[PDB]
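Undergrad: first chunk of the complex, coordinates as they sit in the assembly:
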Amino acid sequence: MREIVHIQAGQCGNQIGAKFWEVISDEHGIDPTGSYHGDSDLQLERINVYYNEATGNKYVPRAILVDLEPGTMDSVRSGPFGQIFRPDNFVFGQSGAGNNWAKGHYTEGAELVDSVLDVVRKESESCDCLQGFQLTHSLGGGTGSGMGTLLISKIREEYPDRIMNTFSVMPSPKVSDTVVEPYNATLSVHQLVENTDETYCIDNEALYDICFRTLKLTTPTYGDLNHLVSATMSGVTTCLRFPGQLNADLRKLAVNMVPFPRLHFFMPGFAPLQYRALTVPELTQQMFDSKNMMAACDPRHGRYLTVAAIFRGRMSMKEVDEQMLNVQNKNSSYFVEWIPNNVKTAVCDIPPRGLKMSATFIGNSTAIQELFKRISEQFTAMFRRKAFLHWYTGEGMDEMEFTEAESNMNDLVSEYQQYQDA
Amino acid sequence: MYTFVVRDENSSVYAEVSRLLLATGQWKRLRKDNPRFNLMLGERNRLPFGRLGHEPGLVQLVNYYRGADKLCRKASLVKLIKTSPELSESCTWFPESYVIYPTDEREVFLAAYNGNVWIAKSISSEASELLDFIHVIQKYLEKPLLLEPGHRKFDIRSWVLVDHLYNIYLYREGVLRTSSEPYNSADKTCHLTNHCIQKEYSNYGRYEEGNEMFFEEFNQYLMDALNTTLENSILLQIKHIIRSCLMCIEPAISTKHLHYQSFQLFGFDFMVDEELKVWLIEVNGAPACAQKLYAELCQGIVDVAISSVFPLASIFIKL
Amino acid sequence: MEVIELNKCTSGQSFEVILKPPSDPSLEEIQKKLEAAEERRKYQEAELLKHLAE
């Protein structure tokens, strides 16, 4: 029955994961106590994808909360929808990871990883037919980055034929916590290239710019950034959660979006970012606009390999089809000509909360190489002088492992440029 | 913003057409293998008509009629005229022709052979010399209209545009490709009026510039020398022949109810005898134009053949 | 134009009109194909599990 097991790891992963569950619970009419109080059976038709059904017809998120310190998960448990989560699905340590990939991946994380897999195993057993896994985390910290990728590796070992999907938050100096973020991100990307089928690249620089320049927020907070991510995650998973014309799961998505195994890093987008309803041409225009992208990459600096678009709300399906075809026909140079009809659109009649209609963008563009280039430069700037390396070598790592991760990411960049000139 | 592709770099006519499209700011040229186009300036050979009109949200137009090769090939034209009831063997404006393979009309040609001068193509009074050379064998017009002074031969080229609605437009400006050498009914330079031949084997450009006489001069000549006009003595027959050929093949090539649309520029070649009778020589599917007529004609193509389908933000005679 | 083979019944009729005269792999082989692909999947997975073991 296409069940998905959700995992959220670290501070960022849990804070965005919590918001995601708050949003879709509302869309499915699930109250903070886990009771259904909706008005449409369309909300319950595919509820099993993300929710287990309890004893007294209560719905419990198939979610596992992981962290190396109890702080954020104490906040989640005390949050608005904090009581909806299964108490046994809270797996945490006390040491923390100190924004250190090595601690998350090799030392502190290794002590906790088996306990997480136990809960993962238990959730998978309650699935009629496990579709795949979904992970929310950041790449700049220690737990989400280090332990998160360790989890992914452990999961692939036990479930080699299941789809692995991540929403990965990319660090940036503009919204930074520590200077070692490029180290942690580069080490993680190496893991993601090999062990994920689909990765949504969420750039904190893009999230900030959207809040500052577009939403007119002079002082954006993580909460403001997470609002955008929460909305994007809802739209991305729309065809998973709601009945519609589209009969497809995560594997069908991966098959059609990923022409080459390593190139599975997507640029998410959302529109609108007010009481004035948007016309279909406006939704389509904004959706393809760089300012609505969340990877901080200019799509005009590359070419689209594949594009997926999801429109939500009651609108003319003809007008949607016309506008989508319009964009392709007006900008044919930004789409690869060696993949016929590489832009697909799906429509869901059910709009999200607060909007009469909206559009979600999922692009596999070669322009994403700008994100990895940026990280690679910040990495190299420090690594050439071996700056801050002692935090990692003190945890048993050697310089060779950094060189390899750096090499693999630069290879990833070159492979994107290779198909940009095809 | 309309989009188009170019798949024939050797096209003189459509190199100017694409230039004009870009000079409107409403047309954009795409890569040759880009399927997301509105207009296609296709290749002369093996044009993939089968891939046209299958792209969603795109009205597609092509500068060639599929099946028009039946009219624009030597042997196909002869076969078409004979086997079509609307043309028949009693065509009257097309010289007696026979298709000969090196079907076929070999015995029938000899039966008519027995002025007995013919010409083979794909000039001799002996049938034995013709066959041993070999294609189509056509009766050579031994009595052509000769321009004076010079006592010289000529042919008439007419440009015809047929749009997507199958309207037949005749360009006002035709051209006479004349011979610069005096005619001799007893050396095939004064017998062949091709521009490439006259610019080589010939006294070239003695009478007119580049052996090209245009309609206004030729009309004035007819009035002075024969007391008649170009319209009456010649153009009436030309317009008739053009209309006969294009209407005959219409139901076979019309894109009226097709998933894609077609238009095409044609080059009709005529011969005029001393009785002021017009004979059709052949039809060109990919013709070139006169140098001084490129500007006007190509703009005419954009106006009635292209913009009629894709409107932006007469030099033709409708037949 | 000739009409031939005219057959009639309560439900309808049929005929032919002429206008112009004219001028496998065995079960075993399939099993091998399926098993060969299965073994190629097994090898690729074993390589993955080996790579993860390293």
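TA: Great, that's in hand. Residues are numbered from 1 along each chain as shown, chains lettered A, B, ... in the order given.

Undergrad: burial measure for residue 30, as a count.
TA: Because you didn't say which chain, this covers chain A. Residues near residue A:30, counting by other Cβ atoms under 10 Å in any protein chain shown, number 27. No exception for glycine: its C-beta is placed from N, CA and C like everyone else's.

Undergrad: other chain: chain C
TA: When neighbours are counted by other Cβ under 10 Å, residue C:30 registers 11.

Undergrad: For the strand or helix carrying it, buried residues please.
TA: Element membership of residue C:30 [criterion: DSSP states H and E] is helix C:27-53. Judged by neighbour count using 16 or more other Cβ atoms under 10 Å in any protein chain shown, helix C:27-53 contains no buried positions.

Undergrad: Which strands and helices lie in contact with it?
TA: Helices and strands touching helix C:27-53, by 3 or more Cβ pairs under 8 Å, 6 or more residues apart in numbering or on different chains; DSSP states H and E, are helix A:148-158.

Undergrad: helices or strands up against the helix it packs on?
TA: Under the contact definition 3+ Cβ pairs under 8 Å, 6+ apart, helix A:148-158 sits against strand A:3-9, helix A:101-105, helix A:108-125, strand A:130-138, strand A:163-170, helix A:181-195, helix C:27-53.

Undergrad: so what's the residue of the stretch 151-300 of chain A found nearest chain C up against?
TA: Of all residues in the stretch 151-300 of chain A, residue A:157 sits closest to chain C, at 4.8 Å by Cβ to the nearest Cβ. Residues in contact with residue A:157 (Cβ atoms under 8 Å, 6 or more residues apart in numbering or on different chains) are C:49, C:52.

Undergrad: Could you do residue B:76 as well?
TA: Residue B:76 neighbours (Cβ under 8 Å, 6+ apart): B:69, B:70.

Undergrad: helix or strand for it, which one?
TA: According to DSSP H and E, residue B:76 maps onto helix B:74-83.

Undergrad: helix or strand right after that helix?
TA: Downstream of helix B:74-83, the next assigned helix or strand under DSSP H and E is strand B:97-99.

Undergrad: Does that next one pack against any helices or strands, and if so which?
TA: When contacts are defined as 3+ Cβ pairs under 8 Å, 6+ apart, strand B:97-99 sits against helix B:74-83, helix B:106-113, strand B:136-139.

Undergrad: Of these, flag the one that's most buried.
TA: When the helices and strands packed on strand B:97-99 are scored by mean count of other Cβ atoms under 10 Å in any protein chain shown, the highest mean neighbour count falls to strand B:136-139 (a mean of 21).

Undergrad: close enough to count as contact, residue B:33 and residue A:336?
TA: No. In this structure, residue B:33 is not within contact of residue A:336 by Cβ atoms under 8 Å, at 11.7 Å.

Undergrad: Neighbour count for the two, which is higher?
TA: Neighbours per residue (other Cβ under 10 Å) separate residue B:33 from residue A:336, with residue A:336 holding more: 19 against 9.

Undergrad: quick one: contacts for the closest residue to that one other than its chain neighbours?
TA: In this structure, residue A:336 finds its nearest non-sequential neighbour in residue A:303, 5.3 Å apart by Cβ to Cβ, 6 or more residues apart in numbering or on different chains. Applying Cβ under 8 Å, 6+ apart to residue A:303 gives the contacts A:333, A:334, A:335, A:336, A:365, A:366, A:367, A:419, A:420.

Undergrad: now do 10 Å
TA: Residue A:303 sits next to A:333-337, A:365-367, A:416, A:419-422 when contact means Cβ atoms under 10 Å, 6 or more residues apart in numbering or on different chains.

Undergrad: okay if I get those as TSV plus secondary structure?
TA: Below are the contacts of residue A:303 laid out as TSV (DSSP: H, G, I helix; E, B strand; the rest coil):
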residue	secondary structure
A:333	helix
A:334	helix
A:335	strand
A:336	coil
A:337	coil
A:365	strand
A:366	helix
A:367	helix
A:416	helix
A:419	helix
A:420	helix
A:421	coil
A:422	coil
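
Undergrad: tack on chain D:
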Amino acid sequence: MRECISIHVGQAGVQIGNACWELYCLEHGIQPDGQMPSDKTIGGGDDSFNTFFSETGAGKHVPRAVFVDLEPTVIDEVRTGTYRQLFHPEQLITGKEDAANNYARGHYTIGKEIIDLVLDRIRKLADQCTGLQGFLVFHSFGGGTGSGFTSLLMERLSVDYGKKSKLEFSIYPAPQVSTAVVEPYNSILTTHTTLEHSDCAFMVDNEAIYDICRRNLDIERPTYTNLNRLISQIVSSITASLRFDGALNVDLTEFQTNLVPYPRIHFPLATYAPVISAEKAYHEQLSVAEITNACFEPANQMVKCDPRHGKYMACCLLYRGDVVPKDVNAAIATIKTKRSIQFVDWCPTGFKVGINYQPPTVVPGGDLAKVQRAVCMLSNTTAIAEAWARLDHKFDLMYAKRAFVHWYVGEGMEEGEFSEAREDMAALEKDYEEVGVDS
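TA: One more piece, chain D, placed on the ones above:
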């Protein structure tokens, strides 16, 4: 009486199968519960409709059909639908997870694990047959199941039922109607493997049906229900001769005999007329001449192509309703002097005509208006090769970069099969050219 077993594979096959059997029941006067008041011979008989329907002691008329899909959601709508009582539970076979638009996954990975179950359930129906003719296989080209599992099924059917004819109803992929980017791959892969196992295949281009529904039915965005009910009419017209009294195409063998001179070139072009909107209050009934002339209009074809620039090998006219042979001949004689109908020199320039007096049945509340006469033309034209060329070109574009190939290789398929399948299609295009084109 000789029986025919229908097999529906994947979402497209199943949903189209639903539309067909719905129509079949309406045409034969069979109620959704299986009861048929017209049938006086209770619990048995060898009537023409018994070719598609078996009978139980309770008087229920059960379709000789099998529904197979690698995921349960589509077939589940049959199990709980209007015709839930019509089918035996055994006939409705479902798997756990689908082929994910991957030919290799449907053919090799999942197919291996479920093929024996399917054949066994088919064997059940075969044992009820006194003289099984063969099979009718409905599927899409683009689906992982429709392409992958079908080709495997066709191979095994040739083994277990060697003397039996197999006919195909295939859905050709169109970007206007929900395609995946990898569907050109699946199309070529399945056509290559199924080619030697199919005696006659009817291709239906989703683009054509989509445009017919927009143009003739005034539906801006046709749903699958709109498309399938139109498809079911064409399918009904083709199989009417098997289900009713007649003398043309009475067995599956006749389809090959009358339409397929060369085994590989077994893809007849279908053309249907008229398609009239039910919302259209005032409409003039078309004559025999008018609906016959409409058979030579590209806009009414199941596959968009130009028969004017191809050659005919065979032509069959299937009329339903108020039609007499006199009007047919008067129409044909007229059409020949207006249309460009070129037959190959080694074939008789002629038409095999079949007429069923009962006018086309339409689903109550449907989009199709009731007409007094309609015709389906089945003609084997080399012009249908345009569809192969379009499809092969899209294959070439992606395969030149080896795009998406890793998904197929990851399922145990070898990369060589891609080239092997493409070379077979290249040969197929060449066959059409040798037969249809002059130098």
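
Undergrad: quick recheck of what packs on strand B:97-99 now chain D is there?
TA: If contacts are counted by 3 or more Cβ pairs under 10 Å, 6 or more residues apart in numbering or on different chains; DSSP states H and E, strand B:97-99 sits against helix B:74-83, helix B:106-113, strand B:118-121, strand B:136-139.

Undergrad: buried set for the third one?
TA: This means strand B:118-121. Buried-residue list, strand B:118-121, by 16+ other Cβ under 10 Å: B:118, B:119, B:120.

Undergrad: For my notes, confirm residue A:413 occurs in a helix.
TA: Yes. Counting by three-state DSSP, residue A:413 is part of a helix.

Undergrad: just checking, it touches residue A:419?
TA: No. Between residue A:413 and residue A:419 there is no contact under Cβ atoms under 10 Å: 11.7 Å.

Undergrad: what residues are shared contacts of those two?
TA: Residues touching both residue A:413 and residue A:419 (Cβ under 10 Å, 6+ apart): A:366, A:369.

Undergrad: mind listing the strands in chain D by residue range?
TA: With DSSP state E as the criterion, chain D has strands at D:4-9, D:53-55, D:61-63, D:65-69, D:92-94, D:134-140, D:165-172, D:200-205, D:269-273, D:312-321, D:349-356, D:373-381.

Undergrad: how deep is residue 41 tucked in, by neighbour count?
TA: I'll assume chain A. Neighbours of residue A:41 using other Cβ under 10 Å come to 8.

Undergrad: hmm, I had chain D in mind actually
TA: By other Cβ under 10 Å, the residues close to residue D:41 number 11.

Undergrad: so who does it touch?
TA: By Cβ under 10 Å, 6+ apart, the residues touching residue D:41 are D:47, D:50, D:55, D:59.

Undergrad: Please pick the buried ones from the residues you listed.
TA: Buried members of the contacts of residue D:41, scored by 16+ other Cβ under 10 Å, are D:47, D:50, D:55.

Undergrad: tell me which of those residues is nearest to residue D:204?
TA: Among the buried ones among the contacts of residue D:41, residue D:50 lies closest to residue D:204 (Cβ to Cβ), at 27.2 Å.

Undergrad: Now do that closest one against residue D:130, distance only.
TA: Distance, residue D:50 to residue D:130, using Cβ to Cβ, to the nearest Å: 10 Å.

Undergrad: and residue A:306, that's in a helix?
TA: No. Residue A:306 is assigned strand when assessed by three-state DSSP, not a helix.

Undergrad: Verify the contact between it and residue A:338 for me.
TA: No. Residue A:306 is beyond contact range of residue A:338, at 11.6 Å (criterion: Cβ under 10 Å).

Undergrad: Overlap in contacts, these two.
TA: A:259, D:403.

Undergrad: Pick out whichever of these two has more residues nearby.
TA: It is residue A:306, of residue A:306 and residue A:338, that has more neighbours when counted by other Cβ under 10 Å, with 24 against 18.

Undergrad: Now do the more buried one against residue A:340, distance only.
TA: From residue A:306 across to residue A:340, the span is 11 Å (Cβ to Cβ).

Undergrad: name the element the residue of the stretch 151-300 of chain B found nearest chain D belongs to?
TA: Residue of the stretch 151-300 of chain B nearest chain D, by Cβ to the nearest Cβ: residue B:252 (4.8 Å). Counting by DSSP H and E, the element that carries residue B:252 is helix B:250-253.

Undergrad: now what about the following helix or strand past that helix, what contacts it?
TA: Where DSSP H and E defines the elements, the next helix or strand beyond helix B:250-253 is strand B:261-262. By Cβ under 10 Å, 6+ apart, the surrounding residues in contact with strand B:261-262 are B:39-40, B:42, B:49, B:52-53, B:59-68, B:162-166, B:253-255, B:305, B:308-309.

Undergrad: Among these, the buried ones, what's the ChimeraX command?
TA: Here is the ChimeraX command that picks out the buried ones among those, judged by 16+ other Cβ under 10 Å:
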select /B:39,40,42,49,52,53,60,61,62,63,64,65,66,67,68,162,163,164,166,253,254,255,305,308,309
